[PDB]
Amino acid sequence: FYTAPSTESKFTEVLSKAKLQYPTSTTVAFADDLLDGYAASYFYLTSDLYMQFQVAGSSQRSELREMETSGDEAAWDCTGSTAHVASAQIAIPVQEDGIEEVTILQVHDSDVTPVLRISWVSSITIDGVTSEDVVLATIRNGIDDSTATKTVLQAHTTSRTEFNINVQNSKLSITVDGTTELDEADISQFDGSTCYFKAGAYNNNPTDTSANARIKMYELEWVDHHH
């Protein structure tokens, strides 16, 4: 009894350029499946026209993974000189009790390293300073370095919020509601890697594994200009 996001043509672009993974990295719907009305409890269109992702469990996800219009998986040079852009209007609801971090957008390499995660967090301590109920950027310092550089981007609100990621020329910038909150962070540690965008709900370190993380996107688009 779920309405498909494909019924809203504002999503045709991203669904044409995506595959849906749930609840692990396994694909449940490729782009043609998504365009042909795919819908489930973890991926459906709400009555006010958001594409809503929901998932329970530690490190479980309901997430779109960037594809090319041609059908190829996106695998763009992470530090290449063309603009690689993702843009989303995201409403982050107040999360269920026991949900402690939800990653909503990513840049991920073609192996096992997330270049960037943008996540909501209940509480985070960065260089000894604790922030509550914030949206964060986490950039991994290297493929062989588990540490990351973390930057608070926004106090959490339930209101629809525009997030833009621009990855270009070995730098990465994030704007939030039009304001630059991470300005040309260096991601040269990903030279020689290939990359792709992800978007949805990726549930990190919950303290209640039955609770659902839930994220809604009113608009979502992404572009990889091949050079």
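Throughout, we count residues from 1 along the sequence that is shown.
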Which of 65 to 73 and 191 to 199 has higher mean CA B factor, as the PDB entry lists it: 65 to 73
Segment of higher mean CA temperature factor, 100 to 108 or 150 to 158: 150 to 158
Member of 204, 212, 207, 21 with the greatest C-alpha B factor (per the PDB record): 207
Relative C-alpha B-factor of residue 78, binned into the chain's lowest, middle or highest third: middle
Entry-reported Cα temperature factor of residue 166, expressed as the chain third it lands in: lowest
Among modelled residues of the same chain, the CA temperature factor third for residue 175: middle
Chain-wide C-alpha B factor ranking for residue 54, given as lowest, middle or highest third: lowest
Third of chain Cα B-factors occupied by residue 47: middle
